[PDB]
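In the form deposited in one PDB entry, a lone chain appears below as structure tokens.
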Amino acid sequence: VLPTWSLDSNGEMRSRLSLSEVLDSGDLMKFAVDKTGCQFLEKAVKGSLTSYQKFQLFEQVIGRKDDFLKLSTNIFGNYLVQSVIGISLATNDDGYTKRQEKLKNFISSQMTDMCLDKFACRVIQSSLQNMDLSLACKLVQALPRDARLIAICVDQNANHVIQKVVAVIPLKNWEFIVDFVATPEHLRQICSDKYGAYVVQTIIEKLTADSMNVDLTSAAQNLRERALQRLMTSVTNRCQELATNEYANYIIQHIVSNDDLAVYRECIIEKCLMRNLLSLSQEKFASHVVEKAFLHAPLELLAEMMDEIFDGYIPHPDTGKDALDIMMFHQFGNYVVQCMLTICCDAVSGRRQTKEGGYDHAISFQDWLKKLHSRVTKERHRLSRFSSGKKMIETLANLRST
């Protein structure tokens, strides 16, 4: 409970309290971990403070290592820590240089243990984006280099610290993270994780030369391009493992979907998806990758993808069903055929550009459309029993009347 001097006749905290009564009391730690007490502290802290009130606040909250961690790891104290940090960064007295290098020492001492903590992880992120950049970078160097970094990316709380590091720190200071993920054995465990799959995507987004990186120098673009390729080369060598994974399929989709990654989207399709379209279309998670490939492939690779589905597999020696018959009725493959039909119809309707590579590839979309149109025409009775077939039939009819 709170200190006995701070309660009233009925055991509840007295009204009309001041900030220096508790600061002079030396009982701030009792106030910071109580809900009502910390509710009063963090509101009296947002008001105008004297230079000595800040002096007491800095020493009592971020002045001792053990007491600082005890508040950062506390459900209530972690909020008071973050506000005192902002006052330390807004008070340019003498102790400004000593206070945050001292604060950097306290978290670098307990880096991993704090990211894995549910409440201390917020002190890492807030200090990463609010401290001086020169000191926020030395914080990133405190990250482990061994198996503890794998546990940090896959942690429910610690994964956001790395996503924060990627967001507010220049790449050079966390370039080692890219290589730690780039190594084959670590790439498997992290991409296959519920939270690690999000970490990998966030790294690629910052490593992408899109509109959110036009402020970089070309020297910074070269360093980004070096880390970009290095990560892609590992991902593409393990692409089939990542494409069929529950979580890692979102990374192969993110690469193929992005126009600013078209150089690597073409390498995913050619060295992993090609010659495996029928197989990957029947996989629960890889079928989403197959859809994104059809939607975002360049028209030359799109032709080889179409021709593979239409004429890349031997028909069944007894029934005679080709890959089109198999996919149209498959529990997952039917969406891929629906993706092919939507693309072809979007092209002949003006909803999709047909000029690419200095030529109008319209005649090929019409060619692919006739193939689908006649298979749906010939199998209209068997397709009408399925939800997938009813949408293919009405799509062709809706296009007919345009």
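When you see a residue number, it is the position in the sequence shown, counting from 1.
There is another form of this protein, the form solved in complex with a partner chain, and it is not shown here; the text below is about that form.
Proximity to the partner chain in the entry with it bound, defined as a heavy atom within 4.5 Å, singles out one entry of 122, 330, 104, 148, which is 330.
Proximity to the partner chain in the entry with it bound, defined as a heavy atom within 4.5 Å, holds among 175, 260, 308, 205 only for 308. Under a 4.5 angstroms non-hydrogen atom cutoff, the partner chain in the entry with it bound lacks residue 268 among its neighbouring residues. Remark: residue 323 counts among the residues lining the partner chain in the entry with it bound, judged by a heavy atom distance of 4.5 Å or less. None of the heavy atoms of residue 194 is located within 4.5 Å of the partner chain in the entry with it bound. At the 4.5 Å threshold, heavy atoms of residue 313 reach the partner chain in the entry with it bound. With the partner chain left out of view, the stretch that reaches within 4.5 Å of it through heavy atoms in the entry with it bound is, among 331-339, 344-352, 36-44, 52-60, 331-339.
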